[PDB]
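There is one chain below, alone, in C-alpha cells, taken in the form deposited in one PDB entry.
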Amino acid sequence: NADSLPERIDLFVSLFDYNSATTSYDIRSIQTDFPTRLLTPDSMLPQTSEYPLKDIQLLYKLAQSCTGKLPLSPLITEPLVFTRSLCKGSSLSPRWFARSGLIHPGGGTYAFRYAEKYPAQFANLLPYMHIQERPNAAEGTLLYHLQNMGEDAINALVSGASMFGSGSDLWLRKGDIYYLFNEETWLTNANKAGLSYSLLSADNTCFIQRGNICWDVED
C-alpha cells in the first residue's frame, strides 16, 4: 500500500506493546541520578572550547609542580580551588562536588581525580563521576546501557527524543518512561510498517574539507 512516511512511523510505534518491553526507565529518575555533564562523552576530553588554552595550561603546570603563577580568572575559580586543594592536601566535601561544576578543565570529573589521590573516597564520590569513569556495570542495569551508548544515543536520550537506538536495543518514549525493545521486535515492526532505517552515521560526512569543498583522490 501507500501510507505517508510520517504515518508509517506512527504505525511502527503503535505496533509495540509497552507492557512487553525488556525493561523501562523513568526519565525523571535518570535526570536526578545522572546529570547531563556526567553522560556526554565530551566531558572526558579537555575542555578546550570552554576555557582559554592558556588557563588550562597554567592550571596543568600548577598541578604538576604545586607552585608558580595562579590563573585568577573568574571562569577558572573552581578549577583553581580544586587544584590548590590537592596540592596542600585539604579535603573537599561531597557538598563541594555537588556545586563545583563536576567537570575538570583537563577532561574528566573532579571526583574521579580526587579519588585517584584518595582511593578510599572512591565509593562515596561515585555519584559525582562520569559514567565512563565508574566501574563497568553488570549487564541489564541502567548504568550498563548508559556506558555502552554512543554520543548520538546519549544526546537523543538527554533531549528526550521520541525514540533512539543503542546497539541492539530500541528505546521508545511515551510520557516520562522509556521502553526498551530488542532487535527482533525492532526489525519485525519496521518490516510490518514498510519501513527501513539506518542509524545516524558519520560515513556520510567528508573529512577532507576546505571551506565548503570536499576533496578526494582521483588517479
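In this text, rigid core is short for the largest set of C-alphas that superpose within 1.5 Å between two forms. Numbers follow the displayed sequence, beginning with 1.
- With 197-205 and 7-15 compared on mean CA B-factor from the PDB entry, the stretch scoring higher is 197-205.
- Per the PDB record, of the two stretches 17-25 and 207-215, 17-25 carries the greater mean B-factor over its C-alpha atoms.
- Across the residues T36, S159, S49, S65, the deposited record lists the maximum Cα B factor for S65.
- Set against one another, the Cα B-factors of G107, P79, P71, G101 in the record reach their highest point at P71.
- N191: CA B factor in the middle third of modelled residues in this chain (values from the PDB entry).
- Ranked by Cα temperature factor within the chain, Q147 sits in the lowest third according to the deposited record.
- Annotation for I177: C-alpha temperature factor in the highest third relative to the rest of the modelled chain, per the entry.
- Ranked by C-alpha B-factor against the other modelled residues of its chain, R84 falls in the middle third.
- Ranked by C-alpha B-factor against the other modelled residues of its chain, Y118 falls in the highest third.
Beyond what is shown, the protein has a form deposited in another entry; the following relates to that form.
- For the listed set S196, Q209, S14, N19, the sole C-alpha moving 2 Å or more between the shown form and the other one on a rigid core superposition is that of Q209.
- A change of 3 Å or more separates the two forms for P46 and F207: their C-alpha atoms lie farther apart in the other entry.
- Relative to this form, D203 and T36 approach one another in the other entry, with their C-alpha atoms ending up at least 3 Å closer.
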